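As structure tokens, the structure follows; a few thoughts come after it.
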Amino acid sequence: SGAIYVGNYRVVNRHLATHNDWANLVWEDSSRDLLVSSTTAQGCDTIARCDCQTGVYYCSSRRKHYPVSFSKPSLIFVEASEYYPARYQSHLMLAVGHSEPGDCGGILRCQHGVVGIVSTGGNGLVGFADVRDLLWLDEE
Ligand SMILES: Cn1nc(C(=O)NCCc2cocn2)c2cccnc21
Ligand SMILES: [Zn+2]
């Protein structure tokens, strides 16, 4: 589990969004496994606006923060899980690291701010859903 709180927005894995997230939906994309809902309180997170490929992610299944190198956001085939059939997931970045399904929501961050959230994994590779291209998260 995990979310990003920026301005009056809440960014979560679409497969983990609650009833209240759907009732207060701002934007969602199934192919990215992302959902954004509105909040009443101001958040404190800063979204990175960069093209970094090195950062640190939180892995709840190890209670550890791991420094990693990750690939640029791309369209990648992702095998079936309990939440989606096998399909191409877009805006996805991979690193060599440990992950389990319950690690989804763990934040990946660089020197500039939040880069994305854990979304996929297996075979010793963890996948993160990028959020750096959602420029609208910073305004209004
Ligand atoms: C971090 N991670 N996530 C999952 C997972 O099942 N995600 C469900 C969401 C999803 C995205 O595309 C397809 N399903 C996973 C499975 C093994 C190891 N690490 C994993
Ligand atoms: Zn950066």
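Don't overthink the numbers, they just go from 1 along the chain as shown.
Method reported for this entry: X-ray crystallography, 1.4 Å.
Just so it is clear, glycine is given a Cβ too, placed from its N, Cα and C backbone atoms.
Pulled from Swiss-Prot:
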ACT_SITE  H15  active site, for protease 2A activity
ACT_SITE  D33  active site, for protease 2A activity
BINDING   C50, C52, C110, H112  Zn(2+) 1 binding site
ACT_SITE  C104  active site, for protease 2A activity
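Among the active-site residues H15, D33, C104, no residue has its Cβ under 6 Å from any atom of ligand 2. Only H15, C104 of the recorded positions listed as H15, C104, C110 bring a Cβ under 6 Å of any atom of ligand 1; the order follows the sequence. Mapped onto three states, the DSSP output places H15 (active site, for protease 2A activity) in helix.
Highest Cβ count within 10 Å among the recorded positions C50, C52, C104, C110: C104. Spatially, by CA atoms, the recorded positions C50, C52, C104, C110, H112 include one closest to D33 (active site, for protease 2A activity), and that is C104. For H112 (Zn(2+) 1 binding site), the same-chain residues 6+ apart in sequence whose C-beta sits under 8 angstroms from its C-beta are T46, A48, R49, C50, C52.
A distance of 18 Å separates the Cα atom of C110 (Zn(2+) 1 binding site) from that of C104 (active site, for protease 2A activity). Its Cβ placed at the centre, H15 (active site, for protease 2A activity) has 16 other Cβ atoms within 10 Å.
In this structure, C104 (active site, for protease 2A activity) belongs to neither helix nor strand by DSSP; it is coil.
Within 10 Å of the C-beta of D33 (active site, for protease 2A activity) there are 26 other C-beta atoms, taking all protein chains into account. Cα of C104 (active site, for protease 2A activity) to Cα of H15 (active site, for protease 2A activity): a span of 9 Å.
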